[PDB]
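Architecture at a glance
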Amino acid sequence: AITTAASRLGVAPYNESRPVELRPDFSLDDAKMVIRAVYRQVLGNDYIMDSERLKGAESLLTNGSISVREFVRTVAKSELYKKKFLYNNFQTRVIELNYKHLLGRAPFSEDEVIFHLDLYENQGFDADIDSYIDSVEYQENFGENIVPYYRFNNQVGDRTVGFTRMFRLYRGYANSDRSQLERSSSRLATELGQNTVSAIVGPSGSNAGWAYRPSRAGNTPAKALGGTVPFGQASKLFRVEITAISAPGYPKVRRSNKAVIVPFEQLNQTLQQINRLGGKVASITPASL
Amino acid sequence: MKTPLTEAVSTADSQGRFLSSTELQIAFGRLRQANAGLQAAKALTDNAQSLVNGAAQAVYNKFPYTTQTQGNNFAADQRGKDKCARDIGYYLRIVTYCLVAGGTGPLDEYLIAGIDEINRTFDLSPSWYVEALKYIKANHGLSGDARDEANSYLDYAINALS
Amino acid sequence: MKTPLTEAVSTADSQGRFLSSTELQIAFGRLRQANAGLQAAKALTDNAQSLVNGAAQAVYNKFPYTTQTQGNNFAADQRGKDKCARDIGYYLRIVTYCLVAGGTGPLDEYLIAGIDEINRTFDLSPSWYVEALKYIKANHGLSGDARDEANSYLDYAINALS
Amino acid sequence: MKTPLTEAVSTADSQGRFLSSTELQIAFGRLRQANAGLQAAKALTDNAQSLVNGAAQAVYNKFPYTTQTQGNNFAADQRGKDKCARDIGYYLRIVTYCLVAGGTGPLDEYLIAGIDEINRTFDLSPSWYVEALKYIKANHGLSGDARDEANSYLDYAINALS
Amino acid sequence: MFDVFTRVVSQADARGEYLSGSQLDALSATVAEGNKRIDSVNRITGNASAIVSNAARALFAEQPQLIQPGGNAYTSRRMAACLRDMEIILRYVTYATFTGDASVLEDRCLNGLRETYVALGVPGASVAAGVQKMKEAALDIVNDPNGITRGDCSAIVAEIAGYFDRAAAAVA
Amino acid sequence: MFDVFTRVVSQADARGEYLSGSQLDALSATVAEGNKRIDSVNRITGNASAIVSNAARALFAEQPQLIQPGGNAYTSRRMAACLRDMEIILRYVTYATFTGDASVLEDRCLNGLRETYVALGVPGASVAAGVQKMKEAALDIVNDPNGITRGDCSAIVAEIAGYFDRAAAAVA
Amino acid sequence: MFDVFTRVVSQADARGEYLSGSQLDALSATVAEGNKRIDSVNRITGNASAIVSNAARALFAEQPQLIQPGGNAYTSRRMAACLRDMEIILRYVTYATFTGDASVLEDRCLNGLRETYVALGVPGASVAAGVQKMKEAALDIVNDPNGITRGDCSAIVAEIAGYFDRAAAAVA
Amino acid sequence: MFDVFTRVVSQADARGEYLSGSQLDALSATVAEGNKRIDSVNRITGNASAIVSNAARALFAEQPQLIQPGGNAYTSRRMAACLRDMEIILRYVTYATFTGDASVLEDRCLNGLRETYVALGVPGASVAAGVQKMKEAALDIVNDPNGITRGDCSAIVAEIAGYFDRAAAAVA
Ligand SMILES: *[C@@H](C)[C@H]1/C(=C/c2[nH]c(/C=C3N=C(/C=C4\NC(=O)C(CC)=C4C)C(C)=C\3CCC(=O)O)c(CCC(=O)O)c2C)NC(=O)[C@@H]1C
Ligand SMILES: *[C@@H](C)[C@H]1/C(=C/c2[nH]c(/C=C3N=C(/C=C4\NC(=O)C(CC)=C4C)C(C)=C\3CCC(=O)O)c(CCC(=O)O)c2C)NC(=O)[C@@H]1C
Ligand SMILES: *[C@@H](C)[C@H]1/C(=C/c2[nH]c(/C=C3N=C(/C=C4\NC(=O)C(CC)=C4C)C(C)=C\3CCC(=O)O)c(CCC(=O)O)c2C)NC(=O)[C@@H]1C
Ligand SMILES: *[C@H](C)[C@H]1/C(=C/c2[nH]c(/C=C3N=C(/C=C4\NC(=O)C(CC)=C4C)C(C)=C\3CCC(=O)O)c(CCC(=O)O)c2C)NC(=O)[C@@H]1C
Ligand SMILES: *[C@H](C)[C@H]1/C(=C/c2[nH]c(/C=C3N=C(/C=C4\NC(=O)C(CC)=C4C)C(C)=C\3CCC(=O)O)c(CCC(=O)O)c2C)NC(=O)[C@@H]1C
Ligand SMILES: *[C@H](C)[C@H]1/C(=C/c2[nH]c(/C=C3N=C(/C=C4\NC(=O)C(CC)=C4C)C(C)=C\3CCC(=O)O)c(CCC(=O)O)c2C)NC(=O)[C@@H]1C
Ligand SMILES: *[C@H](C)[C@H]1/C(=C/c2[nH]c(/C=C3N=C(/C=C4\NC(=O)C(CC)=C4C)C(C)=C\3CCC(=O)O)c(CCC(=O)O)c2C)NC(=O)[C@@H]1C
Ligand SMILES: *[C@H](C)[C@H]1/C(=C/c2[nH]c(/C=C3N=C(/C=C4\NC(=O)C(CC)=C4C)C(C)=C\3CCC(=O)O)c(CCC(=O)O)c2C)NC(=O)[C@@H]1C
Ligand SMILES: *[C@H](C)[C@H]1/C(=C/c2[nH]c(/C=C3N=C(/C=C4\NC(=O)C(CC)=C4C)C(C)=C\3CCC(=O)O)c(CCC(=O)O)c2C)NC(=O)[C@@H]1C
Ligand SMILES: *[C@H](C)[C@H]1/C(=C/c2[nH]c(/C=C3N=C(/C=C4\NC(=O)C(CC)=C4C)C(C)=C\3CCC(=O)O)c(CCC(=O)O)c2C)NC(=O)[C@@H]1C
Ligand SMILES: *[C@H](C)[C@H]1/C(=C/c2[nH]c(/C=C3N=C(/C=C4\NC(=O)C(CC)=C4C)C(C)=C\3CCC(=O)O)c(CCC(=O)O)c2C)NC(=O)[C@@H]1C
Ligand SMILES: *[C@H](C)[C@H]1/C(=C/c2[nH]c(/C=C3N=C(/C=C4\NC(=O)C(CC)=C4C)C(C)=C\3CCC(=O)O)c(CCC(=O)O)c2C)NC(=O)[C@@H]1C
Ligand SMILES: *[C@H](C)[C@H]1/C(=C/c2[nH]c(/C=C3N=C(/C=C4\NC(=O)C(CC)=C4C)C(C)=C\3CCC(=O)O)c(CCC(=O)O)c2C)NC(=O)[C@@H]1C
């Protein structure tokens, strides 16, 4: 599980929550809890205005005319969901969001993008939505009666890349999919295409370097090809991600975000220099063997 | 936001389809309506001051305690009277946007969504705004399609408030 | 069925909304079109046998092997010729439905959805029906909005087949 | 890429399981087949030019309008004849991959996925390729397991096209 | 769901025939009524809140047992649900008016409503009474001769009455 | 998403002002071009498959490296994705033409496309070439004087060419 | 994922070539080693629990900081997670052995594992030490000369060692 | 970085081809526009200070939160940085206009700028509004008919407008 780093990763509140199940012969308070959970999960913790509520679908859920899964399906196909997540997004962004909302995880591979992009293009948004909800994965985790929830913890069938990518899509508890630094941009287009991963940067409030994001071009690669040779005598190399660089000012400072590969023997100097740049350490990761 | 042109593309986009005769018809429906809307928006704009002030006074007349009672939510002082005229101005201006756009989109996004919480939080009676909206309906002097479309938006706001 | 009226209501219902100016403008668009659509439908219906026989002969001319090669999928015997004329008639009749309905709804529901599986399963060439559809476009003698709407549906089928 | 070995691991992985006697037997099945598959691939590869040329001619004889009709999609000129021999070469090559892989994986990934779009978009008859594949089945000279595995892949392609 | 046009189409398709000249002319006559239909939908929609509230007020005044403690419309949640249902039914009636066919109302709103109400204990006859009150108010609003081009709307008004009656029977 | 009208409304609301007379006149001028706009959308749509297939055929002939074994458009899967992309771009170009605003093209299609192609090794320059071929083909179609009320579409044609050029630039 | 056969195929298709005679001959040599490969998988699997538990015990003995209070393997939740991970890594190493291609191990297990452990504060160097211990036990089990048809498994044993090395290098 | 000429050369070397006749004639048409391009660069440059300061004045008048105490553009250092940034963006737009290719703007200016602003807390949507105002002023200056040889600069104006559009989109 996630224990020590749960709070700084924004996972602790989900560790403290149980799946929201609608039992047969449910009470009205049960129905209200499901409705609240579905709105929070499926709409990415956006505030929902009374004018935006799906009152008819809520009635049918309350009446047992539709199960939880069918209520999720209705919310996912609503003009409200599409306005929030479809009409203004690159389809790869849409697929990312669908996975997060409806399956509680991030896409694992480029194959998932191929499948859902073609399905949308050939059969339309509704058909694509059904594929998530009628999937084996949805059935195994949530079935007919449980609201979808974030699957942070390792499960059978997982891949490691899923874990790192969840923190590209989930940015903390007091946050929504439409209020994140990358805004409308696909978070995973490049990761999926290259099958690469990124160092995990936890949410703001609990991580000073929370804003670190790489640029389109001119990034430092993850691993130290060439080893310590360019640095001279050095025992081991680390990749440091740095954000919020301002102090020297333009043109001495061009990009406020920077990743550097530095040797063990210069980490003291590196931290000192970073502090004087005003920057905040986003992540440190071994870069050599 | 809800307009004929945006709904048409939103429908076709959701289906992953090129636009078809259905959407072309939607556009013709817009084109048949647009000039009357633009004409109505111009008339309301040129008359906005009289309308806003007339509507504000109509509310004070119908609910005289709003200009006699002390309170942050009332218009018994110049502060509250300015808020109220400001508010009515928002309704009138955003209604002209609907006439330009050809749908309720502007009202939906800028005014209606969340209006219930605001009126509750600051203790503002929806009835006050209904009376003002009724005044604008009675006094904008529009005719024909300009009138019908304009009154649909004014009633749309009235219904949302009630 | 994708028609302007049903789509308008379905989108409104998705939002739990009464119909508004947007949907009324969809209706005016439909009304502007409908008389032309109905006139087109009558004209195609009155000329249906001429159009269907001409289209079948046009396919046989462009693809002579269809009337010369033995096989269930070809029209070398009267059995195959009858299937072919029936199929072309289906296309024409359903296109008239699209003109009456004011959208591709009937084509989508009755013909287009699943046509690929049929043409693949029974080894029918979509180019055959493209040719027939081109014949009909070039010989219905429609003008104006009737021509425009009829050809949009004929092109919708052609595009689907290619 | 469906093959016995990757399917074995895929199923075990999705169940979170170590490989068991079930998957080991799958491996023994692959091993029983592998040498016959490799022999078949060799034989087809060595005889590829004759097979590809003969298959192309088989198509031309069955569908003589392909070598007589003008158009980007037909083989009336050397350009179209080169495309056609190329396509038949692709089918044969990828089939050899299947024999190497011991499954339809390579056909699924490199040829079958998307073939219906291509054939529709460029107006190519899948019947042309069926006849080419039938020629290859009739003439590759394989026997025993080599023949059966290879014919299964040729048939798999044929079934996909029909 | 069907509209007035596709209703005819579907009947013709199942018979494999083109629409007759008589059917096409019947649709043409429907097109000639389109403006009246649009006005009727607009007028009901413009007055929806008033139609619902006044009908609900009148309903409870005639049936106080609904709003006495223990009554089916007693407590805020149940009163709120009751008011919601009245608006849903009105909304779907306007949908049917807009399309010119009852299928939207029947297929989405009424189908299975009686069973829901019977299972809940909602008094169907009282819902039907409410629907009738909304109907009368709606028809008067539609027929109001002021501020609109004058003409005969008896055909459209009769169609709307039929839709309201369908809703009343479906639950009554 | 914005259409021609909501774009102006959104800007005006952010400033808290009514639309000025000039702005209402510009929109009136846009309305007067509506029929031409609709015709252009209809004409492009009616030839969608030909526009895409011909452009693609021409691109591969010019750029045979794309379809040689191992080339980016080799294998049915990738060829299918390539054809699909061309159709997607054409589709959103018609949406933008229909709405009179590029936002739908930018938001749905172009925002993130360069990152996708760069990440996958898709030769964006070659995509831009294909888009240009669809552009030339589409503008020829939109300009065909035959079978339509004669008039001046140069303004609409320029706007459409702008959308194609925008698409081409976004991927190159 | 790839296996030994489909790895060569994918490289061949990327160049549009039939497999060469030597490529086919090399794959035949692979087939000839198939039984030894199967035996190696069976032996690791049959001892999986012992391999994991013995390695965990040795690791915790050599690095007692891991299990002292506050250590990353302290508490039942974390110790269970630690034991699970060791089993997961072993499982995927066997998958790679079975298929003869590291892709299943790299794609599904190792890719992102370094970042994951850094994010969680799991000591990656210690994980690597655990993997090395499993490696030694597993190779000894694979090489056990008793109860099996005698022959030379040095090539298979080297391949399996390579997979364990990939795992060790990835976690740290 | 690319200019209009070397952009085309790059795409030709990638295919191992001499520039086609039409490509050479396209570049000649570009040369024929050279003077208009120089004039536009010169007019924007000559008015740079006013373009920036007027745009900034309009921005802070429409978005007064920026310059209230606690606003991102409050304090002299932040106001100075803000004014500097607008000038930087305008400068690179003139670079792109001068070369006839967006590469300099995209590579040297917009790369990582969105990321810089979010990391520092700079409101990018407000930066984009500033760029818009600079765009409006810049095009009017470029289109000014006074004191210059008369001709059609519509194509250069469209290109310049495009570069501003890129900038506005990139900063947020
Ligand atoms: C440039 C695109 C070409 C061009 C366009 C053009 N169109 C019109 C006028 C009309 N076009 C239509 C279109 C339709 N009617 C339908 O029923 C449908 C099918 C759903 C369509 C697409 C209509 C209704 C009109 C108005 C009536 C008429 O037919 O004239 C014009 C005239 C200007 C105007 O609209 O005021 C023009 C110029 N004309 C060319 O020459 C270009 C090649
Ligand atoms: C290194 C791995 C050790 C080794 C292996 C080895 N095995 C064989 C031969 C066989 N092993 C099997 C295995 C199985 N048969 C079954 O039914 C099952 C259960 C599903 C298993 C796991 C088989 C079928 C054979 C072939 C028949 C036989 O029993 O010999 C060999 C011999 C050479 C060959 O490749 O066939 C070898 C070398 N031998 C050692 O000495 C290493 C310690
Ligand atoms: C749109 C940009 C406006 C416009 C431009 C325009 N300019 C010319 C021609 C010329 N402009 C120059 C410029 C300069 N000469 C210098 O010595 C310098 C200072 C270093 C500059 C900036 C020159 C040399 C020419 C050519 C000779 C001439 O004076 O005409 C044209 C004519 C077309 C052409 O040159 O090909 C045009 C159209 N004209 C407008 O109306 C726009 C407002
Ligand atoms: C009010 C004093 C200021 C202000 C606020 C403002 N906030 C938002 C949007 C959001 N606020 C939150 C915060 C939370 N969501 C949670 O679930 C929690 C508890 C765990 C918190 C603290 C979120 C997530 C959002 C985004 C979601 C959404 O639906 O908006 C807005 C809306 C902004 C916009 O609509 O563009 C506003 C206006 N704004 C001010 O000007 C005040 C200073
Ligand atoms: C003005 C319209 C808005 C605004 C601006 C603002 N920017 C900064 C700080 C920086 N801006 C940059 C920009 C660039 N670096 C580059 O290399 C280029 C491209 C060549 C650009 C445009 C950088 C690097 C910084 C940081 C270093 C520096 O401050 O010089 C600030 C100050 C941030 C601070 O926290 O002090 C401001 C205020 N702010 C607004 O509110 C306007 C919308
Ligand atoms: C029927 C119950 C009542 C009635 C209706 C009626 N209406 C018309 C004509 C029109 N009504 C409209 C409606 C609108 N125009 C708009 O722009 C909008 C807002 C989006 C609406 C709702 C229109 C366009 C017309 C046609 C033009 C005109 O100026 O009239 C008629 C006349 C016949 C006809 O169908 O055209 C009638 C009869 N009239 C009554 O007396 C009833 C009380
Ligand atoms: C031969 C039986 C008949 C024939 C062939 C023909 N094919 C094309 C064009 C294409 N063929 C393909 C097929 C493939 N591409 C792949 O990547 C694979 C999988 C590995 C296959 C099977 C494709 C994609 C095309 C179009 C793109 C391209 O040019 O490569 C043509 C030309 C079609 C055109 O419009 O240019 C022809 C002529 N034609 C006959 O008449 C033969 C009977
Ligand atoms: C008293 C402070 C002021 C007042 C009261 C008033 N109320 C109504 C009507 C209703 N009141 C309720 C309230 C409830 N019903 C419930 O079941 C519960 C929860 C247990 C509550 C709180 C309701 C539902 C109604 C409407 C239906 C009904 O008539 O019962 C009226 C009449 C309103 C009308 O339009 O008929 C009045 C007068 N009015 C004042 O002016 C007082 C200051
Ligand atoms: C009001 C005139 C009468 C009344 C109504 C009443 N209805 C319910 C409960 C429900 N009503 C519905 C109906 C619908 N839901 C939909 O989505 C649609 C459109 C397809 C319809 C028609 C449903 C489903 C319910 C049950 C679930 C829910 O609570 O929403 C109640 C509450 C019953 C209860 O005990 O909870 C009431 C009070 N009751 C009267 O007494 C009036 C005659
Ligand atoms: C065709 C002219 C060129 C070409 C295209 C090509 N594209 C891909 C793959 C993808 N294309 C997209 C595109 C989109 N996703 C969206 O959301 C939208 C907007 C709605 C678009 C346009 C995506 C996301 C992918 C990745 C998924 C997929 O593969 O379908 C490929 C395949 C690349 C690969 O390695 O598989 C190809 C071939 N390639 C050329 O060579 C032409 C110049
Ligand atoms: C005492 C009743 C009997 C006994 C104990 C014994 N335990 C172990 C090994 C372990 N004990 C634990 C237990 C915990 N670790 C924790 O973090 C916590 C939660 C706070 C608990 C309860 C664990 C995890 C181990 C294994 C790892 C470790 O050594 O720490 C042993 C040794 C087992 C081995 O194989 O090394 C023994 C001997 N044994 C008896 O015979 C007593 C009756
Ligand atoms: C044991 C030798 C060491 C150790 C391990 C340890 N790991 C975790 C937590 C996780 N481990 C993983 C790993 C994977 N997830 C996957 O999907 C894959 C392949 C399928 C792998 C390898 C993950 C994702 C987690 C977090 C999620 C979860 O555990 O469900 C922990 C617990 C972390 C915590 O409690 O915060 C531990 C203890 N720790 C040591 O000290 C040993 C050296
Ligand atoms: C008063 C002595 C004379 C005067 C003043 C005047 N100032 C401005 C505009 C600005 N003043 C400032 C100054 C500051 N901003 C800060 O954040 C701080 C540090 C905390 C200071 C000192 C700035 C930045 C501006 C420009 C931006 C803004 O409007 O806030 C004006 C208006 C200038 C304009 O063009 O709008 C004026 C009039 N003018 C006189 O004539 C007085 C003698």
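In its metadata, the entry names cryo-EM as the structure determination method and reports 1.9 Å as the resolution.

1. Observations concerning the side chain of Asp13(D)
Checked against the element boundaries, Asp13(D) lands in helix α1 (residues 4-14). A polar contact of 2.6 Å, which involves the side chain of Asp13(D), links it to the side chain of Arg108(G). Not counting residues within four places of it along the chain, the set of residues in contact with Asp13(D) comprises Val156(A), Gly157(A), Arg91(G), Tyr92(G), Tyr95(G) and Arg108(G).

2. Section: the site of ligand 12
Close contacts around ligand 12 come from 29 residues, with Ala1(A), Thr3(A), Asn154(A), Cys82(G) and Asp85(G) the closest. Per-site note: the chains with residues close to ligand 12 are chains A and G. A distance of 2.7 Å separates an oxygen atom of ligand 12 from a polar side-chain atom of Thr3(A). Between ligand 12 and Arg84(G) there is a distance of 2.7 Å, counted from an oxygen atom to a side-chain nitrogen or oxygen. Here ligand 12 has 890 Å² of accessible area as a free molecule, and 98% of this is covered by the chains. Looking at the shell around ligand 12, the elements that each hand over two or more residues are α10 (160-169) of chain A together with α5 (76-99), α7 (113-120) and α8 (124-143) of chain G. The element contributing the most residues to the shell around ligand 12 is α5(G), with 7 residues. Among the residues forming the shell around ligand 12, the class breakdown is 15 nonpolar, 8 polar and 6 charged.

3. Focus: the relation of the copies chain G and chain F
With an RMSD of 0.3 Å, chain G superimposes on chain F once it is rotated by 121 degrees and translated 1.2 Å along the axis. Here the copies are linked by what is in effect a three-fold axis.

4. Considerations on the interface of chain G and chain F
The partner chain F presents 4 residues to the 4 residues of chain G that form the contact. At the boundary of chain G with chain F, total buried surface from both sides reaches about 230 Å², with 47% on carbon and sulfur atoms. It is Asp13(G), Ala14(G) and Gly16(G) in chain G that bury the most area against chain F; as a group they hold 94% of the surface buried on that side. For the pair chain G and chain F, the number of links is 0 salt bridges. Looking at the side of chain G that touches chain F, its residues break down into 1 nonpolar, 1 polar and 2 charged.

5. Side note on the pairing of strand β1 (residues 237-243) of chain A
If a strand is regular, its side chains alternate between the two faces of the sheet. Residues and elements named next belong to chain A. Within β1, 7 of the 7 residues are buried, leaving the element largely enclosed by the surrounding structure. Side-chain alternation along β1 places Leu237, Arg239, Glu241 and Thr243 on one buried face and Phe238, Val240 and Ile242 on a second face that is also buried. Pairing between β1 and strand β2 (residues 258-263): 6 bridges, direction antiparallel. Counted as the bridge partner of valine 240 is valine 260 from β2. By the bridge criterion, 6 bridges tie β1 to strand β3 (residues 280-286) in an arrangement that is antiparallel. Counted as the bridge partner of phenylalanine 238 is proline 286 from β3.

6. Side note on the pattern of salt bridges
Residue and element names in this part refer to chain E. Here the structure, examined in full by the defined rule, presents 93 salt bridges over all chains. Between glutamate 62 and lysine 133 there is a salt bridge whose closest N-O contact spans 2.7 Å. Of the two residues, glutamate 62 sits in helix α4 (residues 48-62) while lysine 133 sits in helix α8 (residues 124-143), which places them 71 residues apart along the sequence. The exposure class of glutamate 62 is exposed, given its relative accessible area of 54%.

Conventions used here
Residues numbered from 1 in each chain as written, not as in the entry; some residues may be left out. Chains lettered and ligands numbered in written order. Part of a larger assembly, values for the part shown. Heavy atoms only, no water. Helix = DSSP H or I, 4+ residues; strand = E, 2+ residues; numbered from the N terminus. Polar contact = N/O pair within 3.5 Å; in protein donor to acceptor, adjacent residues only side chain to side chain. Contact = heavy atoms within 4.5 Å. Near = heavy atom within 4 Å. Areas by Shrake-Rupley, 256 points an atom, 1.4 Å probe, with all protein chains shown as cover. Nonpolar A, V, L, I, M, F, W, Y, C, P; charged D, E, K, R; others polar. Least-squares fit on C-alpha atoms. Buried area = accessible area lost by both parts, 1.4 Å probe. Salt bridge = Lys/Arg side-chain N within 4 Å of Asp/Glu carboxyl O. Buried < 20%, exposed > 50% of the residue type's maximum accessible area, 1.4 Å probe, protein only. Pairing = 2+ DSSP bridges.

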